[PDB]
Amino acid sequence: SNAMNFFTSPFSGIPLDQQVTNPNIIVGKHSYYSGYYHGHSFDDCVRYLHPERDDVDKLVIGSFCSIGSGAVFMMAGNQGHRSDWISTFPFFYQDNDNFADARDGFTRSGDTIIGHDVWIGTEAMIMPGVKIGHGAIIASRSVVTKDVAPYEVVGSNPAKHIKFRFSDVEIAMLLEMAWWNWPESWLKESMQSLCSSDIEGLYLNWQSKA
């Protein structure tokens, strides 16, 4: 058949919970990664995450997330580089008798936590320990060095505030609704509402039901 069968969708992709093999990566349902233009699966988007240790920083990703091609998740902390020390060269991790009495410069940064309904643009890099709130949008080629508020749009290198998707009242409504945790039958009933800007109307409907 056509050469289109070789390609993958720009609007869709392989779900995360159908390709992740690293046990230190927690992913929610329906979250996918469309990485045709970088070959490797999502496991290789996560850099230097030890898959056999339980005392390392973890990568947690919510549900209904969209991750563009070539996204990078740094998961090794400072990688043994102490800027406050005299040298950033990791003497502790070079097998050399002259470096025997070096101190370990590795420092954890905490878990990298991606919320629900997060849109991560293509080739965006997420620094270790970064928390990204629900509904946030990471622009393409962004370098996220700080936390991102829920439903906040950020971009540039380093990532800085661009705008909020909705007003504070609407954001509060979505955070209380938490449609990502609704039963599958509720999403099927509210597909037309979820594909619109009418947050206040859906919030009033959700109040009567629950």
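In case it trips you up, residue 1 is the first one in the sequence shown, and so on.
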### Task
Would you tell me which stretch averages the higher CA B-factor in the PDB entry, 62-70 or 44-52?
44-52
## Note on the structure
Going by the entry, of stretches 125-133 and 99-107 the one with greater average Cα B-factor is 99-107
### Task
Return the residue from 183, 150, 35, 155 that has the highest Cα B-factor in the entry.
183
### Query
Taking the C-alpha B-factors as the PDB entry records them, is residue 177 in the lowest, middle or highest third of its chain?
highest
### Message
How does the C-alpha B factor of residue 83 compare with the rest of the chain: lowest, middle or highest third?
### Response
middle
